[PDB]
2 protein chains.
Amino acid sequence: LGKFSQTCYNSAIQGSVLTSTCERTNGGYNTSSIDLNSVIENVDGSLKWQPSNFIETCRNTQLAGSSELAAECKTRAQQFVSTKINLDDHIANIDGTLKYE
Amino acid sequence: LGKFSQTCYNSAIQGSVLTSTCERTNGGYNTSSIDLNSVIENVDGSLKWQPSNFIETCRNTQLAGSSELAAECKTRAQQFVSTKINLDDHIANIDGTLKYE
């Protein structure tokens, strides 16, 4: 798995985002970025790999009502089902700024 | 915990990002956003809460060499220690685009 560095150049990290210019199969290059926040985590001071994101396996995300996140997400069986989660559970307004807690 | 909806308005979800205009203590408002990708995950088709991000507890992220992500991260004891992870482990170049696998 991985090995992007072997066929890319001008790689850089800014915050949690990795950007690099990579070779395409038919030749030529493309510059792209990837946010590592959803795949890497800090476990007691050590960076460790983490499962994949949520937007990679869920679609049609919407704000239902005033605090509900709704979406259609893939099951282990690769089928989409309806799901929702109350953002009021952990998203707070800390003096005007949205913060997770 | 949470309860942001009670003191905010004009909330919206785009992709994995929640944006809202919230009341400040001293009065007045502030608009802010939060990327839910690092705190919510898809578990067999159901959205579930997830630990916090990595940029919230790590600082000075840098690309070391051609594929190493280096940073100073907080331990359970709240002290910063040096850590690194090889991005070549899971980041691949798929026809010119960086993708996790």
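Residues numbered from 1 in each chain as written, not as in the entry; some residues may be left out. Chains lettered and ligands numbered in written order. Heavy atoms only, no water. Residues with missing side-chain atoms left out of burial classes, pairs and counts.

As recorded in the entry header, the structure was determined using solution NMR.

### Some details on the side chain of A:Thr21
Counted only if it meets this: Helix numbers and strand numbers start at the N terminus; a helix is a DSSP run of H or I with at least 4 residues, a strand a run of E with at least 2. Throughout, a residue-residue contact means that at least one pair of heavy atoms, one from each residue, lies within 4.5 Å.
For A:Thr21, the location among the structural elements is in strand 2 (residues 17–23). With residues up to four places along the chain from it excluded, the contact list for A:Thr21 reads A:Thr7, A:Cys8, A:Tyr9, A:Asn10, A:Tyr29, A:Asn30 and A:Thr31.

### A few points about the relation of the copies chain A and chain B
Heads up, the rule is: The fitting set for superposing the copies is their C-alpha atoms, and the method is least squares.
In the superposition of chain A on chain B (RMSD 0.0 Å, axial shift 0.0 Å), the rotation amounts to 180 degrees. Here the symmetry operator amounts to a two-fold rotation axis. Relative to the rotation axis, the closest C-alpha in chain A is found at A:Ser38, a distance of 2.3 Å. Both copies contact each other with a shared surface, as 100% of the interface residues of chain A are interface residues in chain B too.

### Some remarks on the interface of chain A and chain B
This is how it is decided: Throughout, the ten residues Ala, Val, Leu, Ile, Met, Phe, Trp, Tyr, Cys and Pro are labelled nonpolar, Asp, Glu, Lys and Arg are labelled charged, and all others, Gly among them, are labelled polar.
Counting residues at the interface gives 75 residues for chain A and 76 residues for chain B. Looking at the side of chain A that touches chain B, its residues break down into 29 nonpolar, 31 polar and 15 charged.

### Observations regarding the sheet that holds strand 6 (residues 58–64) of chain A
Residues and elements named next belong to chain A. Test applied: Pairing between two strands is assigned when DSSP locates at least 2 bridges connecting them. Inter-axis angles, ranging from 0 to 180 degrees, are taken between N-to-C directions of lines fitted to C-alpha atoms, where helices are fitted over the stretch in contact.
Strand order in the open sheet formed by 3 strands is 6-7-8, with antiparallel pairing between adjacent strands. The sheet terminates laterally at strand 6 and strand 8 (80–86), the two strands that pair on one side only. Recorded for the sheet is a direction-independent mean angle of 20 degrees between the axes of neighbouring strands. Note that strand 7 (residues 68–74) and strand 8 share 7 bridges and pair antiparallel.

### Some points on the state of the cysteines
By definition, a disulfide links the sulfur atoms of two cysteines through a covalent bond. Residues and elements named next belong to chain A. Basically, it comes down to this: Disulfides are defined in this document as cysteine sulfur pairs within 2.5 Å. Each residue is assigned to one of three classes by its accessible area relative to the maximum for its type, calculated with a 1.4 Å probe on protein chains only: buried under 20%, partly exposed between the two thresholds, exposed over 50%.
Per the counting criterion, the structure on display carries 4 disulfides over all chains. Covalent S-S linkage joins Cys8 and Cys22, the inter-sulfur distance amounting to 2.0 Å. Around the S-S axis, the bridge from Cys8 to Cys22 shows a dihedral of about 100 degrees and counts as right-handed. Here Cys8, found in strand 1 (residues 8–14), pairs with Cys22, found in strand 2; they are 14 residues apart in sequence, far enough to count as distant. The pair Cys8 / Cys22 is uniform in exposure class, with both members buried. Two residues, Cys58 and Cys73, share a disulfide whose sulfurs are 2.0 Å apart. In this structure, the disulfide formed by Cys58 and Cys73 twists by about 100 degrees around the S-S bond and is classed as right-handed. Taken together, the residues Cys58 in strand 6 and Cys73 in strand 7 connect sequence positions 15 residues apart. Take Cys58: its relative accessible area is 7%, and that puts it in the buried class.

### Focus: the sheet that holds strand 2 (residues 17–23) of chain B
Two pairing modes exist for strands in a sheet, parallel and antiparallel, and in both the strands are linked by backbone hydrogen bonds. All names here are of chain B. Reading across from one edge, 1-2-3 is the order of the 3 strands in this open sheet, with antiparallel pairing throughout. Strands with a single pairing partner mark the edges of an open sheet, and in this sheet they are strand 1 (8–14) and strand 3 (29–35). Geometrically, the sheet is characterised by an average inter-axis angle of 15 degrees between neighbouring strands, direction not taken into account.

### Let's talk about the environment of B:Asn86
For clarity, the cut-off: Contacts described as polar in this section are N or O atom pairs within 3.5 Å, which, within protein, must combine one atom able to donate a hydrogen with one able to accept it, while residues neighboring in sequence count only if both atoms come from side chains.
As for its position among the elements, B:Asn86 is in strand 8 (residues 80–86). Given the relative accessible area of 28%, B:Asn86 is considered partly exposed. Along the chain, B:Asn86 and B:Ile34 lie 52 residues apart, while their C-alpha atoms are 27 Å from each other. Look past the residues within four positions of B:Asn86 in its chain and what remains in contact with it is A:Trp49, B:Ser67 and B:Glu68. In this structure the side chain of B:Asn86 is engaged in a polar contact, spanning 3.0 Å, whose partner is the side chain of B:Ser67.

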